[PDB]
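S.K.: just coords:
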Ligand SMILES: NC(=O)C1=CN([C@@H]2O[C@H](COP(=O)(O)OP(=O)(O)OC[C@H]3O[C@@H](n4cnc5c(N)ncnc54)[C@H](OP(=O)(O)O)[C@@H]3O)[C@@H](O)[C@H]2O)C=CC1
Ligand SMILES: NC(=O)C1=CN([C@@H]2O[C@H](COP(=O)(O)OP(=O)(O)OC[C@H]3O[C@@H](n4cnc5c(N)ncnc54)[C@H](OP(=O)(O)O)[C@@H]3O)[C@@H](O)[C@H]2O)C=CC1
Ligand SMILES: COc1cc(C(C)(C)C#Cc2c(C)nc(N)nc2N)cc(OC)c1OC
Ligand SMILES: COc1cc(C(C)(C)C#Cc2c(C)nc(N)nc2N)cc(OC)c1OC
């Protein structure tokens, strides 16, 4: 199983200046709930934004930088390597990895952030022609989660 | 001057179940700055959501209820009475007063909430064909103000 895991806004913004344009705890919970005990594949710039690997899962970083060495983090150097990773693998970002993998994944877990933010990185366009809505769940709002959001699970037709 | 004063979302939602669907401190300050020392005109249901008049300005409530009696609150019974109120009058809501007044105001101060919220009351459709953008200012996001928003001042051509 190859899955995309992404949060994007109404215009498909996923980031600004190497950061998330919003903070939504319930979505971090959704990421944790889904990828804990599985595998995350991510591009080099996305990793730098985190700095430390995420606990209780395999962290895999894609980069051409051949001297790349961070502890608790596995390194790969081409897209072809991704298919040799075992288990549920989540394409975790960022923009360039999402662009390379959208045509290859079996399904997508997309959190639609129901708002318009300033961004400089984007999730690629996609149409509901190619994607079956397996589920759509409206995010619950409270004092920590103030932007409306929708959990979509999309499966390639 | 007869002005509209409103906060609406990307689908022109202004309320849900007689409350605001969001909380935006910077927009409350925008209301304070703009209306203090002038007049707010509002519908009965909008008033009942507040309960007490707002400080440092004339509060006028529109209702057909001839028994309506609240201290600090002026009462009118026809739309025609709005035109005999002196100074800068802000049409303050809600949906029904906005519907009655949109074709009559000189201008509108609209805070666009750049998100999609669940609502049951709406600001009427308007086109930028009939309205000049006097100013458009991006709201500043901090820890207390988490939803993107834009302050619009629109003037009838
Ligand atoms: N909202 C969301 O769901 C998420 C948002 N983001 C956001 O995305 C932005 C970062 O995205 P972006 O700038 O595109 O960068 P990426 O995170 O996708 O990193 C790009 C890097 O990945 C490496 N790489 C990509 N493809 C290959 C390949 N085929 N072979 C070898 N190496 C490859 C290269 O590294 P190198 O140059 O070292 O060789 C490249 O510079 C940030 O703003 C971040 O916040 C990220 C994930 C999720
Ligand atoms: N986001 C925003 O900028 C704002 C949002 N709101 C929201 O709007 C919603 C309320 O809107 P809505 O339900 O339409 O109610 P309104 O506040 O507009 O009031 C409706 C009532 O106003 C009185 N009224 C209106 N027109 C007349 C008239 N021509 N003659 C006599 N009386 C009149 C009537 O009261 P009566 O029945 O007693 O005669 C009518 O029932 C709330 O959810 C509130 O949160 C409100 C203001 C701003
Ligand atoms: C999972 O937590 C983080 C996610 C992220 C990124 C931005 C890389 C992500 C993501 C992501 C989110 C938040 N939601 C969904 N649905 N998918 C994603 N890939 C960065 C972090 O550092 C700031 C994180 O915490 C340390
Ligand atoms: C401005 O104060 C309030 C406004 C309001 C309403 C919702 C009536 C309003 C409004 C309004 C806002 C928030 N922004 C803009 N730009 N215009 C408005 N008319 C309700 C309140 O309590 C329930 C308020 O606090 C006392």
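M.R.: Done, it's in. Numbering: from 1, shown residues only, chains lettered A, B, ... in the order given. Ligands and ions are numbered 1, 2, ... in the order given.

S.K.: The residue in chain A that ligand 4 sits nearest to is in what secondary structure piece?
M.R.: Relative to ligand 4, the nearest point of chain A is residue A:146 (15.0 Å; CB to the nearest ligand atom). Every residue, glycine included, has its C-beta placed from N, CA and C. Under DSSP states H and E, no helix or strand contains residue A:146.

S.K.: thinking it is in contact with residue B:147, fair?
M.R.: Yes: between residue A:146 and residue B:147 there is a contact under CB atoms under 8 Å: 6.3 Å.

S.K.: Of the two, which one has the most company?
M.R.: residue B:147 (23 against 18; other CB atoms under 10 Å in any protein chain shown).

S.K.: So the closest residue to the residue of chain A closest to ligand 4 other than its chain neighbours versus residue B:115, what's the distance?
M.R.: In space, residue A:146 comes closest to residue B:146 once its chain neighbours are excluded; the distance is 4.7 Å by CB to CB, 6 or more residues apart in numbering or on different chains. Here residue B:146 is placed at a distance of 10 Å from residue B:115 (CB to CB, to the nearest Å).

S.K.: joint contacts of the two?
M.R.: residue A:147 (CB atoms under 8 Å, 6 or more residues apart in numbering or on different chains).

S.K.: Quick check: the residue of chain A closest to ligand 4 vs residue B:130, distance?
M.R.: 33 Å.

S.K.: Tell me how many other residues surround residue A:109.
M.R.: Residues near residue A:109, counting by other CB under 10 Å: 21.

S.K.: Let me see the backbone angles for the closest residue to it other than its chain neighbours.
M.R.: Leaving aside its chain neighbours, residue A:109 sits nearest to residue A:5 (5.1 Å; criterion: CB to CB, 6+ apart). Backbone torsions of residue A:5, given as degrees, to the nearest 10, read phi -130, psi 120.

S.K.: Next up, the contacts around the residue in chain A that chain B sits nearest to.
M.R.: Distances between chain A and chain B by CB to the nearest CB are smallest at residue A:115, namely 3.8 Å. Contact analysis of residue A:115 by CB under 8 Å, 6+ apart lists A:9, A:10, A:22, A:147, A:148, B:114, B:115, B:116, B:147, B:148.
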